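Enquirer: Please find one structure pasted underneath; my questions will follow.
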RNA sequence: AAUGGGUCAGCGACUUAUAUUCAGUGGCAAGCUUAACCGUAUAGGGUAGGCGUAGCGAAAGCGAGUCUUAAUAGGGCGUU
RNA sequence: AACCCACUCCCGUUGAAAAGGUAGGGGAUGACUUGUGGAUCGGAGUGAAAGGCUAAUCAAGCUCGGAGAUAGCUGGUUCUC
RNA sequence: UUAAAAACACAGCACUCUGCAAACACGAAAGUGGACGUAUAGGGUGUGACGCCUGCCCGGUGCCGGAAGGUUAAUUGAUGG
RNA sequence: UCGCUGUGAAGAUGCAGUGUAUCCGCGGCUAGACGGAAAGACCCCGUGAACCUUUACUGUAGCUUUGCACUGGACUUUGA
RNA sequence: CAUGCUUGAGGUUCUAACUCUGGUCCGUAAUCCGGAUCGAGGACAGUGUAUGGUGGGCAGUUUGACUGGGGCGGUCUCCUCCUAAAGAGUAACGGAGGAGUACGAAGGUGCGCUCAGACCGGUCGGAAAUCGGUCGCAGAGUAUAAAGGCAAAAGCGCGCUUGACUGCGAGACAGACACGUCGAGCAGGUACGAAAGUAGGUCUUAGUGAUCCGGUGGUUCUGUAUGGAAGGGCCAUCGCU
Ligand SMILES: *C(=O)[C@H](CCSC)NC=O
Ligand SMILES: [Mg+2]
Ligand SMILES: [Mg+2]
Ligand SMILES: [Mg+2]
Ligand SMILES: [Mg+2]
Ligand SMILES: [Mg+2]
Ligand SMILES: [Mg+2]
Ligand SMILES: [Mg+2]
Ligand SMILES: [Mg+2]
Ligand SMILES: [Mg+2]
Ligand SMILES: [Mg+2]
Ligand SMILES: [Mg+2]
Ligand SMILES: [Mg+2]
Ligand SMILES: [Mg+2]
Ligand SMILES: [Mg+2]
Ligand SMILES: [Mg+2]
Ligand SMILES: [Mg+2]
Ligand SMILES: [Mg+2]
Ligand SMILES: [Mg+2]
Ligand SMILES: [Mg+2]
Ligand SMILES: [Mg+2]
Ligand SMILES: [Mg+2]
Ligand SMILES: [Mg+2]
Ligand SMILES: [Mg+2]
Ligand SMILES: [Mg+2]
Ligand SMILES: [Mg+2]
Ligand SMILES: [Mg+2]
Ligand SMILES: [Mg+2]
Ligand SMILES: [Mg+2]
Ligand SMILES: [Mg+2]
Ligand SMILES: [Mg+2]
Ligand SMILES: [Mg+2]
Ligand SMILES: [Mg+2]
Ligand SMILES: [Mg+2]
Ligand SMILES: [Mg+2]
Ligand SMILES: [Mg+2]
Ligand SMILES: [Mg+2]
Ligand SMILES: [Mg+2]
Ligand SMILES: [Mg+2]
Ligand SMILES: [Mg+2]
Ligand SMILES: [Mg+2]
Ligand SMILES: [Mg+2]
Ligand SMILES: [Mg+2]
Ligand SMILES: [Mg+2]
Ligand SMILES: [Mg+2]
Ligand SMILES: [Mg+2]
Ligand SMILES: [Mg+2]
Ligand SMILES: [Mg+2]
Ligand SMILES: [Mg+2]
Ligand SMILES: [Mg+2]
Ligand SMILES: [Mg+2]
Ligand SMILES: [Mg+2]
Ligand SMILES: [Mg+2]
Ligand SMILES: [Mg+2]
Ligand SMILES: [Mg+2]
Ligand SMILES: [Mg+2]
Ligand SMILES: [Mg+2]
Ligand SMILES: [Mg+2]
Ligand SMILES: [Mg+2]
Ligand SMILES: [Mg+2]
Ligand SMILES: [Mg+2]
Ligand SMILES: [Mg+2]
Ligand SMILES: [Mg+2]
Ligand SMILES: [Mg+2]
Ligand SMILES: [Mg+2]
Ligand SMILES: [Mg+2]
Ligand SMILES: [Mg+2]
Ligand SMILES: [Mg+2]
Ligand SMILES: [Mg+2]
Ligand SMILES: [Mg+2]
Ligand SMILES: [Mg+2]
Ligand SMILES: [Mg+2]
Ligand SMILES: [Mg+2]
Ligand SMILES: [Mg+2]
Ligand SMILES: [Mg+2]
Ligand SMILES: [Mg+2]
Ligand SMILES: [Mg+2]
Ligand SMILES: [Mg+2]
Ligand SMILES: [Mg+2]
Ligand SMILES: [Mg+2]
Ligand SMILES: [Mg+2]
Ligand SMILES: [Mg+2]
Ligand SMILES: [Mg+2]
Ligand SMILES: [Mg+2]
Ligand SMILES: [Mg+2]
Ligand SMILES: [Mg+2]
Ligand SMILES: [Mg+2]
Ligand SMILES: [Mg+2]
Ligand SMILES: [Mg+2]
Ligand SMILES: [Mg+2]
Ligand SMILES: [Mg+2]
Ligand SMILES: [Mg+2]
Ligand SMILES: [Mg+2]
Ligand SMILES: [Mg+2]
Ligand SMILES: [Mg+2]
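Chains as they are written, first to last, in PDB author numbering: chain Y, 10 to 85; chain 5, 1 to 51; chain N, 49 to 144; chain 7, 2 to 64.
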């Protein structure tokens, strides 16, 4: 056997789901690459982390050309 | 391998930065502009010995 | 402090600071304790006539706490700015 | 007889009215490869964790 | 079909000292309490000392504030 | 042959015996056997050498102290709701 | 006190050390054995009557000899800070 | 204080089903009572123990080099 | 450079220290021991102390764990995919691959542009170089494995440059602890751009090692009678297959 290796799990994924109340600075999605793109009121980190710049409600809409998926914040 | 150096400000203050470089490929001394907290201006820094 | 062989906290973190031997001759006194000396003179030896300070104390400072009871005069004892007004307001002369 | 406090515990944890202070690790050497933000945030002093107070106090003979 | 005990009677294993933390129950109370020692000897005296009434800082120091900092900006710890 | 020894078989193995007995066996003027007295010893003695012997105890005697060594290991831990 | 043997000893052989207050051993030391001996003697090591013999390798590790050169301790203390 | 076939800490005098069998000795034989004896010696484990080895680590007796002391006079070569 | 003054080093010699397990006298009736005297050696030997070498002769100890029993073999920290059951997490001596770096530009910014490949024509190259045209839309590329991304291209070129800045930091994610990850905004100074603006390294996830100890640069701290210093503290940094 010449196989026994693996790496620690990074705990990626959606942290806040749709309809939830966000506060500014909260982390929304942890990603490799941009599987979700930043919408209104959402910024992108230097490792493709989606966080919140304003307060409100998570939206999770897909729109526009290229058929992307957008995470935005709307008024509660 | 990259070897550590020090960048010391042109101002008389003893403040310095630290980094590394490729001594084999780039032999000329690094002459960079950086911010000096002690005098609170952007001045010229020059390479020295990390040791 | 044992943890099963893992490096314990008292050896995992750095030591820091030094112990000031200058502060071992120091004492602090509230303004609410000033109305307990015998009569109208708050001095180093008079604070030792009660049990306000130990016999090994040489420097005393007064901070602001509580209220001053009467009009006392301080003989070579320091005070803060809040206690300077409190002592002075109740006729308490300050000198030396 | 009298309890003897651990010598090395008293040099690393200082008692205050807000608990026990201590410094941070990973700040002794190998500091060029670290980020300035990472080194700036390891600079102050902080309070002991709720899970370490019991085992540290017992080393300092405080409980 | 793993251990131990043939049976009876007697003996046979969480104690003590000194330091300390938490709880219950009391005495005093911004104060409480004495140790050696003296003693008309479980009384009375002896308050040297210990804890509390103020914190922040590695420290000098300043103090209801203090530390970091160029910063009465932020932030940590503290205060009715 | 006496004396010293211990090669084989059987018996005995709770033995007559904590190493024997009956039958056979080896040396038997020598590097022999033996009495009495004396010398060497515990990391030490002595050894024609088997790690053998040093009071039925030996890859370090016995005895009294350090000492109730230490035991993350077995065993045990006593009346009632 | 489960092994008596092909094991140990042996006469014979070789190497090596030792010039005497000998090498060597037991003793903090004094001293004692070697030995009231003196290289045809004494200690250590291996082989093991007798017969015929005992071949090649000095690179490794030991021992013996050499002292030019290189490194090298306590000690001393120029010079600088 | 029975046999068998099953079940079951997995090889049953004692459990299930079933078959056999009046109560108790004495002389014999050893198939079972995982029969008695010795807290398995083999194997593994313990941050266990002894004793042995070596170019394991760290020391050390002994042996050996030089400086200083006990320790002096003269001549000669040679250096500063 | 004869010459005088001291010292370093070697050689020879002398006697007077020291040595004699050499002779003869005495204590004494004595192979010990002393003292006296002859003889030999002689500042050597030997002993004390400081120091280098050798030294299993002797001693106190160490010599890992996992493991379909132990040994032998293999592994031990980090990253990517599957196992993993459509939130996170999830084991085996399960199935497959990488890391222990690189870059002063391969970073920042303003401006500009799109690939691989196929076919047709064209001087030697000829299946495949450089050239022109048509088709194509990502089958290319990304410093480096794999996964997830990439048109405001995160891919390629050029000008200017040092934000690969200093003090912080609302709020979160992860989490036994120690560590780890993201970050709008504020204050100082900057770089590109006409400006809105963007910049607290690189498309993201590996490229790493606590404390102690010791060194180097600063310092409004301390500094055992006092004034200094030594030493200590604080801040920045260096030394661990
Ligand atoms: C092995 O066969 C074992 C020990 C034998 S002695 C090495 N058997 C025991 O009966
Ligand atoms: Mg595997
Ligand atoms: Mg693998
Ligand atoms: Mg896993
Ligand atoms: Mg960003
Ligand atoms: Mg460990
Ligand atoms: Mg008092
Ligand atoms: Mg202490
Ligand atoms: Mg570090
Ligand atoms: Mg530091
Ligand atoms: Mg039974
Ligand atoms: Mg059993
Ligand atoms: Mg049983
Ligand atoms: Mg048992
Ligand atoms: Mg058992
Ligand atoms: Mg029994
Ligand atoms: Mg109480
Ligand atoms: Mg009460
Ligand atoms: Mg504040
Ligand atoms: Mg006889
Ligand atoms: Mg015999
Ligand atoms: Mg026999
Ligand atoms: Mg026999
Ligand atoms: Mg017969
Ligand atoms: Mg006979
Ligand atoms: Mg016979
Ligand atoms: Mg015969
Ligand atoms: Mg005798
Ligand atoms: Mg004796
Ligand atoms: Mg012994
Ligand atoms: Mg043997
Ligand atoms: Mg022996
Ligand atoms: Mg015996
Ligand atoms: Mg022993
Ligand atoms: Mg004994
Ligand atoms: Mg015992
Ligand atoms: Mg003891
Ligand atoms: Mg029990
Ligand atoms: Mg009962
Ligand atoms: Mg025989
Ligand atoms: Mg033999
Ligand atoms: Mg000989
Ligand atoms: Mg032989
Ligand atoms: Mg032979
Ligand atoms: Mg040779
Ligand atoms: Mg040679
Ligand atoms: Mg030689
Ligand atoms: Mg069955
Ligand atoms: Mg049964
Ligand atoms: Mg059965
Ligand atoms: Mg049956
Ligand atoms: Mg039954
Ligand atoms: Mg039954
Ligand atoms: Mg039945
Ligand atoms: Mg029978
Ligand atoms: Mg039977
Ligand atoms: Mg049996
Ligand atoms: Mg036992
Ligand atoms: Mg057992
Ligand atoms: Mg263990
Ligand atoms: Mg040993
Ligand atoms: Mg020596
Ligand atoms: Mg000498
Ligand atoms: Mg002699
Ligand atoms: Mg004599
Ligand atoms: Mg004489
Ligand atoms: Mg003479
Ligand atoms: Mg001499
Ligand atoms: Mg000498
Ligand atoms: Mg000597
Ligand atoms: Mg030894
Ligand atoms: Mg040894
Ligand atoms: Mg050794
Ligand atoms: Mg020891
Ligand atoms: Mg020991
Ligand atoms: Mg050992
Ligand atoms: Mg070890
Ligand atoms: Mg193991
Ligand atoms: Mg198994
Ligand atoms: Mg198996
Ligand atoms: Mg196995
Ligand atoms: Mg192995
Ligand atoms: Mg699921
Ligand atoms: Mg999942
Ligand atoms: Mg599990
Ligand atoms: Mg690998
Ligand atoms: Mg790039
Ligand atoms: Mg073309
Ligand atoms: Mg575009
Ligand atoms: Mg969480
Ligand atoms: Mg401009
Ligand atoms: Mg250490
Ligand atoms: Mg002084
Ligand atoms: Mg002083
Ligand atoms: Mg200093």
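Just so it is clear, CB atoms sit at the ideal spot from N, CA and C, and this is done for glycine as well.
Could you check what DSSP says for residue 100 (chain N) in three-state terms: helix, strand or coil?
Expert: Within the third chain, numbered from 1, the residue matching residue 100 (chain N) stands at position 52. Three-state DSSP puts residue 100 (chain N) in coil, outside helix and strand.
Enquirer: For residue 23 (chain Y), does the three-state DSSP call read helix, strand or coil?
Expert: What you label residue 23 (chain Y) is simply residue 14 of the first chain in a count that begins at 1. Note: residue 23 (chain Y) maps to strand in three-state DSSP.
Enquirer: Chain N partners of residue 54 (chain 7), CB-CB under 8 Å?
Expert: Mapped onto the fourth chain, residue 54 (chain 7) falls at position 53. None at all; the shortest Cβ gap to chain N is about 11 Å.
Enquirer: Would you decide whether residue 42 (chain 5) is buried or exposed? Buried here means 16 or more other CB atoms lie within 10 Å of its CB.
Expert: Here residue 42 (chain 5) corresponds to residue number 42 of the second chain, with the count starting at 1. Exposed.
Enquirer: Quick one, which of 44 (chain 7), 57 (chain 7), 54 (chain 7), 48 (chain 7) has its alpha-carbon nearest residue 19 (chain 7)'s?
Expert: In the fourth chain, residue 19 (chain 7) corresponds to position 18, counting from 1. That would be 48 (chain 7), whose Cα lies nearest to the Cα of residue 19 (chain 7).
Enquirer: For the alpha helix (DSSP H) that contains residue 57 (chain 7), what are its first and last residues?
Expert: Here residue 57 (chain 7) refers to the residue found at position 56 of the fourth chain. Residues 54-58.
Enquirer: Nearest by alpha-carbon distance to residue 143 (chain N): which of 124 (chain N), 134 (chain N), 129 (chain N) is it?
Expert: Translated into positions along the third chain, residue 143 (chain N) becomes position 95. For residue 143 (chain N), the nearest C-alpha among the options comes from 124 (chain N).
Enquirer: Please compile the residues from chain 7 whose C-beta is within a distance smaller than 7 Å of the C-beta of residue 70 (chain N).
Expert: The residue labelled residue 70 (chain N) in the question sits at position 22 within the third chain. Chain 7 residues near residue 70 (chain N): none, gap ~17 Å exceeds 7 Å.
Enquirer: Mapping the DSSP letters down to three states, classify residue 43 (chain Y) as helix, strand or coil.
Expert: Mapped onto the first chain, residue 43 (chain Y) falls at position 34. Looking at residue 43 (chain Y) - three-state DSSP - the assignment turns out to be coil, as it is neither helix nor strand.
Enquirer: Whole angstroms is fine: what's the gap from residue 101 (chain N)'s alpha carbon to residue 52 (chain 7)'s?
Expert: The residue given as residue 101 (chain N) occupies position 53 in the third chain. The residue given as residue 52 (chain 7) occupies position 51 in the fourth chain. Each residue's alpha carbon lies about 38 Å from the other.
Enquirer: Could you compute how far the alpha carbon of residue 15 (chain 7) sits from the alpha carbon of residue 73 (chain Y)?
Expert: Sequence index remark: in the fourth chain, residue 15 (chain 7) carries index 14 (1-based). Sequence index remark: in the first chain, residue 73 (chain Y) carries index 64 (1-based). When rounded, the distance between both Cα atoms is 59 Å.
Enquirer: When you compare the CB positions of residue 117 (chain N) and residue 80 (chain N), do they come within less than 9 Å of one another, or not?
Expert: Position 69 of the third chain, counted from the first residue, corresponds to residue 117 (chain N). Position 32 of the third chain, counted from the first residue, corresponds to residue 80 (chain N). Their beta carbons are under 9 Å apart, which means residue 117 (chain N) touches residue 80 (chain N) by this criterion.
Enquirer: Regarding residue 24 (chain 5) and ligand 86, is the C-beta to nearest heavy atom distance less than 8 Å?
Expert: On the second chain, residue 24 (chain 5) is found 24 positions in, with the first residue counted as 1. Because no heavy atom of ligand 86 lies under 8 Å away, the Cβ of residue 24 (chain 5) does not count as near it: no.
Enquirer: Closer than 9 Å, CB to CB, is residue 49 (chain N) near chain 7 or not?
Expert: Here residue 49 (chain N) refers to the residue found at position 1 of the third chain. Yes, residue 49 (chain N) lies at the interface with chain 7 (some Cβ there is under 9 Å from its Cβ).
Enquirer: Cα separation between residue 43 (chain 7) and residue 13 (chain 7)?
Expert: Residue numbering aside, residue 43 (chain 7) sits at position 42 when the fourth chain is read from its first letter. Residue numbering aside, residue 13 (chain 7) sits at position 12 when the fourth chain is read from its first letter. Taking the straight line from one Cα to the other gives about 16 Å.
Enquirer: Under a Cβ-count criterion, where at least 16 other Cβ atoms within 10 Å of its own Cβ denotes burial, should residue 8 (chain 7) be classed as buried or exposed?
Expert: For the purposes of this step, residue 8 (chain 7) is taken as the residue at position 7 of the fourth chain. Its Cβ having fewer than 16 others within 10 Å, residue 8 (chain 7) is exposed.
Enquirer: In terms of residues, what are the limits of the beta strand (DSSP E) holding residue 75 (chain N)?
Expert: As a first step, residue 75 (chain N) must be located in the third chain, where it is residue number 27. First-last of the beta strand (DSSP E) with residue 75 (chain N): 74-78.
Enquirer: Who are the Cβ neighbours of residue 70 (chain Y) in its own chain at under 6 Å, not counting the five residues just before and after it?
Expert: Indexing the first chain from 1 puts residue 70 (chain Y) at position 61. Hits under 6 Å: 79.
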